Amino acid sequence: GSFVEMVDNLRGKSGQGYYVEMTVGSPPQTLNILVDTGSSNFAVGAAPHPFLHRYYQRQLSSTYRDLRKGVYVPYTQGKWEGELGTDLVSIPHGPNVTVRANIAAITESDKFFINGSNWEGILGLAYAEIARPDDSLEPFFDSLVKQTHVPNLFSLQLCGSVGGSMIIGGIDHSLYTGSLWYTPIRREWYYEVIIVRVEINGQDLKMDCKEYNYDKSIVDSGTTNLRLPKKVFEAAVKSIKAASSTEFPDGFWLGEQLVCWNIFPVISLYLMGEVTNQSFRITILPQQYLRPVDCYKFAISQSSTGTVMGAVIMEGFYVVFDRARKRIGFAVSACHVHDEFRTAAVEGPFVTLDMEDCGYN
Ligand SMILES: COc1cccc(-c2cccc([C@@H]3C[C@@H]3c3cc(=O)n(C)c(N)n3)c2)c1
């Protein structure tokens, strides 16, 4: 219910994701590690790349064990690759435990480390199914729960240098107001969920809900934007365009250029609820989808791999990754940025029929 040592354990830079301090090896080596609910590998710099403040030096760790296996991870502009092993890992501002975890020692990369960033690795918090090389490489959180008494859940309050909290093993009730509302984790690979309805300023998009989840919807701390399937993004922008016709170029809506609150509509996503024919809705503000760069980028964008509820969504809410119950809880975040008129919201219950049809097969 209360985990004060873990509050404010996240830092970062806008558009660059949130990191937690971790230690690896014996004696402990401190690194800053990006928190990513959209992947499942724990991977750290292990060589003196010129952008790195520091890196894992396996030769200094008495507890290091080599797995003698490579791992190669290309993603979308572009890549990291490394050497697998295990070692002792802890989170100084997390639970008072140390575990033996898989660690990919990064030995080559492309467009991975960021010039001027203050992080040296990534913590994939999603499930084994999407671990590389394959699902037999146990993810860090799986190892943590297996080797300790840490409950099988964590929660995130991303506040928007930005700050936030990762509560490992529980929920901190001071981080949210009102009630938590839960949506099922559809399948344990990404943190996959089902959107059953979309409103802009209360106006339904009238789209076949199946489109909202084409070909999936995921909750992803490792993505800045709210990302939507093109068909959905088209209707979204058309509506976001109309709502704000009162006062911007076409390239803006495409993230091709920048522009320098009440004119802009709220966005509600209704999520599948816990009960048959029952849903709830989460509502965000322009302050969430208009992120400082007073020049802002439009932080809603299009996708070929489905809806991605990135930091734009998550900074509105306290998000509970209730792995034990295969569900994700949303509540209004106690730190979310609002004005005096409108506030981010989590509301229910609503009656929504045929919600099962919204999931793509
Ligand atoms: C933008 O902020 C963040 C926050 C946390 C992690 C990352 C991040 C940056 C570059 C690479 C990666 C790893 C390839 C994994 C990855 C790829 C990827 O495309 N996404 C969307 C996510 N969430 N993770 C992760 C980026």
# chains A, B, ... in the order shown; residues from 1 in each chain; ligands from 1

$ closest_atom_pairs --of "segment 186-302 of chain A" --to "segment 15-32 of chain A" --cutoff "10 Å" --atoms "only C-alpha atoms" --output "tab-separated table"
residue	atom	partner	partner_atom	distance
A:221	CA	A:17	CA	7.3
A:222	CA	A:17	CA	6.2
A:223	CA	A:17	CA	7.4
A:224	CA	A:15	CA	5.6
A:225	CA	A:15	CA	8.5
A:291	CA	A:15	CA	8.4
A:292	CA	A:15	CA	9.2
A:293	CA	A:15	CA	8.8
A:299	CA	A:15	CA	9.6

$ closest_atom_pairs --of "chain A" --to "ligand 1" --cutoff "10 Å" --atoms "only C-alpha atoms and all ligand atoms" --output "tab-separated table"
residue	atom	partner	partner_atom_place_in_ligand_line	distance
A:12	CA	ligand 1	2 (O)	8.9
A:13	CA	ligand 1	2 (O)	9.0
A:14	CA	ligand 1	1 (C)	8.7
A:15	CA	ligand 1	1 (C)	5.8
A:16	CA	ligand 1	1 (C)	4.3
A:17	CA	ligand 1	2 (O)	3.3
A:18	CA	ligand 1	4 (C)	5.8
A:19	CA	ligand 1	5 (C)	7.6
A:33	CA	ligand 1	5 (C)	8.4
A:34	CA	ligand 1	5 (C)	4.7
A:35	CA	ligand 1	5 (C)	5.1
A:36	CA	ligand 1	5 (C)	4.3
A:37	CA	ligand 1	23 (N)	6.4
A:38	CA	ligand 1	23 (N)	3.9
A:39	CA	ligand 1	24 (N)	5.0
A:40	CA	ligand 1	15 (C)	8.1
A:41	CA	ligand 1	15 (C)	8.2
A:42	CA	ligand 1	13 (C)	9.7
A:43	CA	ligand 1	13 (C)	8.9
A:73	CA	ligand 1	14 (C)	7.0
A:74	CA	ligand 1	14 (C)	7.3
A:75	CA	ligand 1	14 (C)	5.6
A:76	CA	ligand 1	19 (O)	5.7
A:77	CA	ligand 1	19 (O)	8.3
A:78	CA	ligand 1	11 (C)	7.7
A:79	CA	ligand 1	14 (C)	7.2
A:80	CA	ligand 1	14 (C)	7.5
A:110	CA	ligand 1	10 (C)	9.8
A:111	CA	ligand 1	10 (C)	7.8
A:112	CA	ligand 1	10 (C)	5.4
A:113	CA	ligand 1	10 (C)	7.6
A:114	CA	ligand 1	10 (C)	8.9
A:119	CA	ligand 1	5 (C)	9.9
A:121	CA	ligand 1	6 (C)	8.6
A:122	CA	ligand 1	6 (C)	6.0
A:123	CA	ligand 1	6 (C)	7.6
A:124	CA	ligand 1	24 (N)	7.6
A:125	CA	ligand 1	23 (N)	9.9
A:126	CA	ligand 1	23 (N)	9.6
A:190	CA	ligand 1	23 (N)	9.5
A:218	CA	ligand 1	23 (N)	9.8
A:219	CA	ligand 1	23 (N)	9.1
A:220	CA	ligand 1	23 (N)	5.7
A:221	CA	ligand 1	4 (C)	6.0
A:222	CA	ligand 1	4 (C)	3.4
A:223	CA	ligand 1	1 (C)	5.0
A:224	CA	ligand 1	1 (C)	5.4
A:225	CA	ligand 1	1 (C)	8.8
A:305	CA	ligand 1	21 (C)	10.0
A:308	CA	ligand 1	21 (C)	8.2
A:310	CA	ligand 1	23 (N)	8.5
A:311	CA	ligand 1	2 (O)	8.5

$ atom_distance --atom1 "atom CA of residue 267 of chain A" --atom2 "atom CA of residue 285 of chain A"
6.7 Å

$ residues_around --residues "residue 327 of chain A" --least-positions-apart "5" --cutoff "10 Å" --atoms "only C-alpha atoms" --output "PyMOL selection string"
chain A and resi 153+181-188+191-193+273-274+320-322

$ write_last_selection --atoms "N, CA, C and O atoms" --output "PDB file, in the first residue's frame"
ATOM      1  N   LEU A 153       3.815  -8.238  -9.439  1.00  0.00           N
ATOM      2  CA  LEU A 153       3.261  -7.037 -10.053  1.00  0.00           C
ATOM      3  C   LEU A 153       4.195  -5.859  -9.857  1.00  0.00           C
ATOM      4  O   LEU A 153       4.999  -5.842  -8.926  1.00  0.00           O
ATOM      5  N   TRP A 181      -9.179   1.020 -12.232  1.00  0.00           N
ATOM      6  CA  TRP A 181     -10.048   0.245 -13.111  1.00  0.00           C
ATOM      7  C   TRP A 181      -9.170  -0.691 -13.929  1.00  0.00           C
ATOM      8  O   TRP A 181      -8.139  -0.270 -14.465  1.00  0.00           O
ATOM      9  N   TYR A 182      -9.568  -1.961 -14.017  1.00  0.00           N
ATOM     10  CA  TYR A 182      -8.711  -2.972 -14.627  1.00  0.00           C
ATOM     11  C   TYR A 182      -9.229  -3.450 -15.975  1.00  0.00           C
ATOM     12  O   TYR A 182     -10.431  -3.652 -16.158  1.00  0.00           O
ATOM     13  N   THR A 183      -8.296  -3.641 -16.906  1.00  0.00           N
ATOM     14  CA  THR A 183      -8.569  -4.220 -18.208  1.00  0.00           C
ATOM     15  C   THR A 183      -7.737  -5.516 -18.330  1.00  0.00           C
ATOM     16  O   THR A 183      -6.609  -5.558 -17.862  1.00  0.00           O
ATOM     17  N   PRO A 184      -8.296  -6.583 -18.933  1.00  0.00           N
ATOM     18  CA  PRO A 184      -7.503  -7.815 -19.006  1.00  0.00           C
ATOM     19  C   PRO A 184      -6.267  -7.678 -19.899  1.00  0.00           C
ATOM     20  O   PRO A 184      -6.291  -6.967 -20.924  1.00  0.00           O
ATOM     21  N   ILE A 185      -5.189  -8.340 -19.492  1.00  0.00           N
ATOM     22  CA  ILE A 185      -4.055  -8.550 -20.364  1.00  0.00           C
ATOM     23  C   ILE A 185      -4.532  -9.665 -21.294  1.00  0.00           C
ATOM     24  O   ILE A 185      -4.785 -10.786 -20.844  1.00  0.00           O
ATOM     25  N   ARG A 186      -4.712  -9.334 -22.574  1.00  0.00           N
ATOM     26  CA  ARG A 186      -5.290 -10.275 -23.544  1.00  0.00           C
ATOM     27  C   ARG A 186      -4.416 -11.512 -23.737  1.00  0.00           C
ATOM     28  O   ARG A 186      -4.905 -12.643 -23.777  1.00  0.00           O
ATOM     29  N   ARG A 187      -3.121 -11.282 -23.878  1.00  0.00           N
ATOM     30  CA  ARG A 187      -2.155 -12.360 -23.978  1.00  0.00           C
ATOM     31  C   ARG A 187      -0.829 -11.865 -23.406  1.00  0.00           C
ATOM     32  O   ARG A 187      -0.477 -10.712 -23.584  1.00  0.00           O
ATOM     33  N   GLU A 188      -0.114 -12.761 -22.731  1.00  0.00           N
ATOM     34  CA  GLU A 188       1.150 -12.441 -22.072  1.00  0.00           C
ATOM     35  C   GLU A 188       2.357 -12.512 -23.027  1.00  0.00           C
ATOM     36  O   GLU A 188       3.108 -13.493 -23.043  1.00  0.00           O
ATOM     37  N   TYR A 191       2.384  -6.329 -23.228  1.00  0.00           N
ATOM     38  CA  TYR A 191       1.248  -6.058 -22.356  1.00  0.00           C
ATOM     39  C   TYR A 191       0.077  -5.672 -23.250  1.00  0.00           C
ATOM     40  O   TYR A 191      -0.188  -4.489 -23.478  1.00  0.00           O
ATOM     41  N   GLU A 192      -0.590  -6.692 -23.791  1.00  0.00           N
ATOM     42  CA  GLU A 192      -1.648  -6.486 -24.787  1.00  0.00           C
ATOM     43  C   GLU A 192      -3.011  -6.262 -24.148  1.00  0.00           C
ATOM     44  O   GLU A 192      -3.427  -7.026 -23.292  1.00  0.00           O
ATOM     45  N   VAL A 193      -3.717  -5.238 -24.613  1.00  0.00           N
ATOM     46  CA  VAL A 193      -5.057  -4.909 -24.113  1.00  0.00           C
ATOM     47  C   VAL A 193      -6.006  -4.679 -25.304  1.00  0.00           C
ATOM     48  O   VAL A 193      -5.567  -4.629 -26.463  1.00  0.00           O
ATOM     49  N   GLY A 273     -13.484  -4.197 -19.918  1.00  0.00           N
ATOM     50  CA  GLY A 273     -13.510  -4.263 -18.451  1.00  0.00           C
ATOM     51  C   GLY A 273     -13.281  -5.671 -17.925  1.00  0.00           C
ATOM     52  O   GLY A 273     -12.898  -6.585 -18.683  1.00  0.00           O
ATOM     53  N   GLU A 274     -13.493  -5.849 -16.629  1.00  0.00           N
ATOM     54  CA  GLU A 274     -13.301  -7.164 -16.000  1.00  0.00           C
ATOM     55  C   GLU A 274     -14.513  -8.076 -16.139  1.00  0.00           C
ATOM     56  O   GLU A 274     -14.397  -9.299 -16.038  1.00  0.00           O
ATOM     57  N   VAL A 320      -0.936   0.000 -13.252  1.00  0.00           N
ATOM     58  CA  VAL A 320      -0.603  -1.169 -12.469  1.00  0.00           C
ATOM     59  C   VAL A 320      -0.552  -2.402 -13.370  1.00  0.00           C
ATOM     60  O   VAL A 320      -1.557  -2.816 -13.936  1.00  0.00           O
ATOM     61  N   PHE A 321       0.635  -2.980 -13.480  1.00  0.00           N
ATOM     62  CA  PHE A 321       0.854  -4.146 -14.312  1.00  0.00           C
ATOM     63  C   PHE A 321       0.643  -5.351 -13.407  1.00  0.00           C
ATOM     64  O   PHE A 321       1.578  -5.868 -12.807  1.00  0.00           O
ATOM     65  N   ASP A 322      -0.615  -5.742 -13.263  1.00  0.00           N
ATOM     66  CA  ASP A 322      -0.978  -6.761 -12.286  1.00  0.00           C
ATOM     67  C   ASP A 322      -0.778  -8.123 -12.930  1.00  0.00           C
ATOM     68  O   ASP A 322      -1.741  -8.766 -13.339  1.00  0.00           O
TER      69      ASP A 322
END

$ atom_distance --atom1 "atom CA of residue 341 of chain A" --atom2 "atom CA of residue 202 of chain A"
15.8 Å

$ closest_residue --among "A:209, A:198, A:150, A:180" --to "residue 324 of chain A" --atoms "only C-alpha atoms"
A:150

$ residues_around --residues "residue 133 of chain A" --least-positions-apart "6" --cutoff "9 Å" --atoms "only C-alpha atoms" --output "PyMOL selection string"
chain A and resi 70-73

$ select_by_dssp --residues "segment 12-164 of chain A" --states "strand (DSSP E)" --output "VMD selection string"
chain A and resid 12 18 to 24 29 to 36 42 to 45 65 to 74 79 to 90 99 to 110 121 to 124 154 to 158 162 to 164

$ write_last_selection --atoms "C-alpha atoms" --output "PDB file, in the first residue's frame"
ATOM      1  CA  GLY A  12      14.712  10.898 -17.839  1.00  0.00           C
ATOM      2  CA  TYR A  18      12.454   6.857 -18.160  1.00  0.00           C
ATOM      3  CA  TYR A  19      15.339   5.150 -16.378  1.00  0.00           C
ATOM      4  CA  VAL A  20      15.887   3.533 -12.998  1.00  0.00           C
ATOM      5  CA  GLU A  21      19.216   3.079 -11.211  1.00  0.00           C
ATOM      6  CA  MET A  22      20.374  -0.541 -11.011  1.00  0.00           C
ATOM      7  CA  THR A  23      23.537  -2.365  -9.979  1.00  0.00           C
ATOM      8  CA  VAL A  24      25.091  -5.339 -11.727  1.00  0.00           C
ATOM      9  CA  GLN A  29      28.348  -1.614 -10.706  1.00  0.00           C
ATOM     10  CA  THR A  30      25.844   1.235 -10.913  1.00  0.00           C
ATOM     11  CA  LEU A  31      24.057   1.937 -14.213  1.00  0.00           C
ATOM     12  CA  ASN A  32      21.030   3.923 -15.367  1.00  0.00           C
ATOM     13  CA  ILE A  33      18.567   1.616 -17.055  1.00  0.00           C
ATOM     14  CA  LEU A  34      15.602   2.474 -19.292  1.00  0.00           C
ATOM     15  CA  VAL A  35      12.298   0.958 -18.153  1.00  0.00           C
ATOM     16  CA  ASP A  36      10.627  -0.687 -21.160  1.00  0.00           C
ATOM     17  CA  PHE A  42      17.829  -6.911 -19.777  1.00  0.00           C
ATOM     18  CA  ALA A  43      20.740  -5.483 -21.836  1.00  0.00           C
ATOM     19  CA  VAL A  44      23.551  -3.120 -20.816  1.00  0.00           C
ATOM     20  CA  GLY A  45      26.513  -1.363 -22.447  1.00  0.00           C
ATOM     21  CA  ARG A  65      28.813 -16.211 -15.476  1.00  0.00           C
ATOM     22  CA  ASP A  66      29.205 -16.522 -19.248  1.00  0.00           C
ATOM     23  CA  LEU A  67      26.408 -18.268 -21.157  1.00  0.00           C
ATOM     24  CA  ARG A  68      28.547 -18.439 -24.261  1.00  0.00           C
ATOM     25  CA  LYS A  69      25.740 -17.383 -26.544  1.00  0.00           C
ATOM     26  CA  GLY A  70      25.267 -14.299 -28.717  1.00  0.00           C
ATOM     27  CA  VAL A  71      22.076 -12.271 -29.036  1.00  0.00           C
ATOM     28  CA  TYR A  72      21.232 -10.032 -31.994  1.00  0.00           C
ATOM     29  CA  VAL A  73      18.383  -7.526 -31.774  1.00  0.00           C
ATOM     30  CA  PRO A  74      17.419  -5.451 -34.761  1.00  0.00           C
ATOM     31  CA  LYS A  79      20.083  -2.371 -33.504  1.00  0.00           C
ATOM     32  CA  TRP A  80      21.864  -3.847 -30.482  1.00  0.00           C
ATOM     33  CA  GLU A  81      23.805  -7.083 -30.169  1.00  0.00           C
ATOM     34  CA  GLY A  82      25.577  -8.696 -27.273  1.00  0.00           C
ATOM     35  CA  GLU A  83      26.934 -11.584 -25.298  1.00  0.00           C
ATOM     36  CA  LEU A  84      24.644 -13.401 -22.865  1.00  0.00           C
ATOM     37  CA  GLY A  85      25.571 -14.189 -19.278  1.00  0.00           C
ATOM     38  CA  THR A  86      24.196 -13.958 -15.764  1.00  0.00           C
ATOM     39  CA  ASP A  87      25.176 -11.958 -12.709  1.00  0.00           C
ATOM     40  CA  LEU A  88      23.792 -10.482  -9.484  1.00  0.00           C
ATOM     41  CA  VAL A  89      21.404  -7.570 -10.011  1.00  0.00           C
ATOM     42  CA  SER A  90      19.657  -5.200  -7.624  1.00  0.00           C
ATOM     43  CA  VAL A  99      18.836 -11.709  -7.854  1.00  0.00           C
ATOM     44  CA  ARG A 100      20.743 -13.685 -10.479  1.00  0.00           C
ATOM     45  CA  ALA A 101      19.422 -12.433 -13.807  1.00  0.00           C
ATOM     46  CA  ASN A 102      20.200 -12.871 -17.472  1.00  0.00           C
ATOM     47  CA  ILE A 103      22.214  -9.929 -18.801  1.00  0.00           C
ATOM     48  CA  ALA A 104      23.013  -9.212 -22.428  1.00  0.00           C
ATOM     49  CA  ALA A 105      26.387  -7.462 -22.462  1.00  0.00           C
ATOM     50  CA  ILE A 106      26.104  -5.060 -25.422  1.00  0.00           C
ATOM     51  CA  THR A 107      29.230  -5.234 -27.606  1.00  0.00           C
ATOM     52  CA  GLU A 108      27.900  -3.681 -30.827  1.00  0.00           C
ATOM     53  CA  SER A 109      25.011  -1.300 -31.540  1.00  0.00           C
ATOM     54  CA  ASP A 110      23.576   1.076 -34.085  1.00  0.00           C
ATOM     55  CA  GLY A 121      21.000  -0.048 -20.666  1.00  0.00           C
ATOM     56  CA  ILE A 122      17.456  -1.288 -21.007  1.00  0.00           C
ATOM     57  CA  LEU A 123      15.150  -3.297 -18.706  1.00  0.00           C
ATOM     58  CA  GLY A 124      12.556  -5.227 -20.672  1.00  0.00           C
ATOM     59  CA  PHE A 154       4.764  -3.611 -10.576  1.00  0.00           C
ATOM     60  CA  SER A 155       3.280  -0.197 -11.214  1.00  0.00           C
ATOM     61  CA  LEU A 156       4.399   2.971 -13.006  1.00  0.00           C
ATOM     62  CA  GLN A 157       3.716   6.655 -12.369  1.00  0.00           C
ATOM     63  CA  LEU A 158       5.382   8.560 -15.213  1.00  0.00           C
ATOM     64  CA  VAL A 162      11.068  14.249 -16.331  1.00  0.00           C
ATOM     65  CA  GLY A 163      10.508  12.093 -13.221  1.00  0.00           C
ATOM     66  CA  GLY A 164       8.372   9.222 -11.950  1.00  0.00           C
TER      67      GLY A 164
END

$ residues_around --residues "residue 358 of chain A" --least-positions-apart "4" --cutoff "12 Å" --atoms "only C-alpha atoms" --output "VMD selection string"
chain A and resid 186 193 to 198 207 to 217 270 to 272 352 to 354

$ write_last_selection --atoms "N, CA, C and O atoms" --output "short mmCIF file (atom, residue, chain, number, x, y, z; two decimals), in the first residue's frame"
data_model
loop_
_atom_site.label_atom_id
_atom_site.label_comp_id
_atom_site.auth_asym_id
_atom_site.auth_seq_id
_atom_site.Cartn_x
_atom_site.Cartn_y
_atom_site.Cartn_z
N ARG A 186 -4.71 -9.33 -22.57
CA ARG A 186 -5.29 -10.27 -23.54
C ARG A 186 -4.42 -11.51 -23.74
O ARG A 186 -4.91 -12.64 -23.78
N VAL A 193 -3.72 -5.24 -24.61
CA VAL A 193 -5.06 -4.91 -24.11
C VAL A 193 -6.01 -4.68 -25.30
O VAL A 193 -5.57 -4.63 -26.46
N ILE A 194 -7.29 -4.53 -25.02
CA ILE A 194 -8.29 -4.33 -26.08
C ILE A 194 -9.03 -3.00 -25.87
O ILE A 194 -9.64 -2.79 -24.82
N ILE A 195 -8.97 -2.13 -26.88
CA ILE A 195 -9.74 -0.88 -26.91
C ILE A 195 -11.06 -1.17 -27.60
O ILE A 195 -11.11 -1.78 -28.68
N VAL A 196 -12.15 -0.78 -26.94
CA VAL A 196 -13.47 -1.13 -27.40
C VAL A 196 -14.22 0.07 -27.98
O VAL A 196 -15.19 -0.11 -28.69
N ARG A 197 -13.73 1.28 -27.70
CA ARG A 197 -14.36 2.50 -28.17
C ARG A 197 -13.40 3.69 -28.06
O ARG A 197 -12.56 3.73 -27.14
N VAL A 198 -13.50 4.63 -29.00
CA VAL A 198 -12.71 5.86 -28.98
C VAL A 198 -13.61 7.08 -29.16
O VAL A 198 -14.44 7.13 -30.08
N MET A 207 -15.97 3.85 -35.69
CA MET A 207 -15.21 2.81 -36.38
C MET A 207 -15.45 1.44 -35.79
O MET A 207 -15.62 1.31 -34.57
N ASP A 208 -15.45 0.42 -36.64
CA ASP A 208 -15.43 -0.97 -36.21
C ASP A 208 -14.28 -1.12 -35.21
O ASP A 208 -13.12 -0.91 -35.56
N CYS A 209 -14.62 -1.46 -33.97
CA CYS A 209 -13.65 -1.47 -32.86
C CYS A 209 -12.41 -2.34 -33.13
O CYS A 209 -11.34 -2.08 -32.59
N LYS A 210 -12.59 -3.34 -33.99
CA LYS A 210 -11.53 -4.24 -34.44
C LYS A 210 -10.36 -3.48 -35.03
O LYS A 210 -9.21 -3.92 -34.94
N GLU A 211 -10.68 -2.33 -35.63
CA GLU A 211 -9.67 -1.45 -36.22
C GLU A 211 -8.78 -0.81 -35.16
O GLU A 211 -7.59 -0.59 -35.40
N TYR A 212 -9.37 -0.50 -34.00
CA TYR A 212 -8.62 0.11 -32.88
C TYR A 212 -7.48 -0.78 -32.41
O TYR A 212 -6.49 -0.30 -31.87
N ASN A 213 -7.64 -2.08 -32.64
CA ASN A 213 -6.67 -3.06 -32.22
C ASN A 213 -6.04 -3.83 -33.40
O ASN A 213 -5.75 -5.02 -33.30
N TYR A 214 -5.82 -3.13 -34.51
CA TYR A 214 -5.22 -3.76 -35.68
C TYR A 214 -3.74 -3.40 -35.78
O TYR A 214 -3.40 -2.25 -36.05
N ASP A 215 -2.85 -4.36 -35.53
CA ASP A 215 -3.23 -5.75 -35.22
C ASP A 215 -3.09 -6.09 -33.72
O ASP A 215 -3.30 -7.24 -33.31
N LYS A 216 -2.76 -5.09 -32.93
CA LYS A 216 -2.79 -5.22 -31.47
C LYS A 216 -2.80 -3.85 -30.83
O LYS A 216 -2.57 -2.84 -31.51
N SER A 217 -3.10 -3.81 -29.53
CA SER A 217 -2.91 -2.62 -28.72
C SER A 217 -2.07 -3.02 -27.51
O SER A 217 -2.35 -4.02 -26.88
N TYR A 270 -11.98 3.78 -24.39
CA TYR A 270 -12.69 2.85 -23.54
C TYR A 270 -11.96 1.53 -23.65
O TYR A 270 -11.71 1.06 -24.75
N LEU A 271 -11.68 0.92 -22.50
CA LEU A 271 -10.98 -0.36 -22.47
C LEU A 271 -11.91 -1.48 -22.04
O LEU A 271 -12.81 -1.27 -21.22
N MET A 272 -11.66 -2.69 -22.54
CA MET A 272 -12.40 -3.87 -22.08
C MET A 272 -12.35 -3.97 -20.56
O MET A 272 -11.28 -3.84 -19.97
N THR A 352 -20.81 -1.92 -22.83
CA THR A 352 -20.31 -2.05 -24.20
C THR A 352 -20.50 -3.51 -24.60
O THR A 352 -19.98 -4.42 -23.94
N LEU A 353 -21.26 -3.74 -25.64
CA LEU A 353 -21.49 -5.08 -26.13
C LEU A 353 -20.49 -5.53 -27.19
O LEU A 353 -19.88 -4.73 -27.83
N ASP A 354 -20.37 -6.84 -27.37
CA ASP A 354 -19.50 -7.42 -28.41
C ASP A 354 -18.04 -7.00 -28.26
O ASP A 354 -17.34 -6.84 -29.26
#

$ select_by_dssp --residues "segment 162-337 of chain A" --states "alpha helix (DSSP H)" --output "PyMOL selection string"
chain A and resi 230-243+286-289+311-314

$ residues_around --residues "residue 284 of chain A" --least-positions-apart "4" --cutoff "9 Å" --atoms "only C-alpha atoms" --output "PyMOL selection string"
chain A and resi 266-269+288-289+312-313+316-317+343-345

$ write_last_selection --atoms "N, CA and C atoms" --output "CSV table (one decimal), in the first residue's frame"
chain,number,residue,atom,x,y,z
A,266,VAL,N,-10.3,16.5,-25.8
A,266,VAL,CA,-9.9,15.4,-25.0
A,266,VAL,C,-10.0,14.1,-25.8
A,267,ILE,N,-9.2,13.1,-25.5
A,267,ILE,CA,-9.2,11.8,-26.1
A,267,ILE,C,-9.6,10.7,-25.1
A,268,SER,N,-10.7,10.0,-25.3
A,268,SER,CA,-11.1,8.9,-24.4
A,268,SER,C,-10.9,7.6,-25.1
A,269,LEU,N,-10.2,6.7,-24.5
A,269,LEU,CA,-10.2,5.3,-24.9
A,269,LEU,C,-11.0,4.5,-23.9
A,288,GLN,N,-1.2,16.1,-22.5
A,288,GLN,CA,-0.6,14.8,-22.7
A,288,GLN,C,-0.1,14.6,-24.2
A,289,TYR,N,-1.0,14.9,-25.1
A,289,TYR,CA,-0.6,14.7,-26.5
A,289,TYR,C,0.2,15.9,-27.2
A,312,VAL,N,2.6,9.3,-23.6
A,312,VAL,CA,1.4,10.2,-23.8
A,312,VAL,C,0.2,9.7,-23.0
A,313,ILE,N,-0.1,8.4,-23.1
A,313,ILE,CA,-1.2,7.8,-22.3
A,313,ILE,C,-0.7,7.7,-20.8
A,316,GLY,N,-0.7,10.3,-18.0
A,316,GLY,CA,-2.0,10.7,-17.4
A,316,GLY,C,-2.4,9.9,-16.2
A,317,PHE,N,-1.8,8.7,-16.1
A,317,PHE,CA,-2.4,7.7,-15.2
A,317,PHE,C,-1.3,7.0,-14.4
A,343,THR,N,-9.3,17.7,-16.5
A,343,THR,CA,-8.5,16.8,-15.8
A,343,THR,C,-8.5,15.5,-16.5
A,344,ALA,N,-7.4,14.7,-16.5
A,344,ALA,CA,-7.4,13.4,-16.9
A,344,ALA,C,-8.4,12.6,-16.1
A,345,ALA,N,-9.0,11.5,-16.7
A,345,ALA,CA,-10.0,10.8,-16.0
A,345,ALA,C,-10.0,9.3,-16.3

$ atom_distance --atom1 "atom CA of residue 306 of chain A" --atom2 "atom CA of residue 232 of chain A"
9.8 Å

$ closest_residue --among "A:161, A:262, A:2, A:148" --to "residue 118 of chain A" --atoms "only C-alpha atoms"
A:161

$ residues_around --residues "residue 189 of chain A" --least-positions-apart "3" --cutoff "6 Å" --atoms "only C-alpha atoms" --output "PyMOL selection string"
chain A and resi 127+129-130
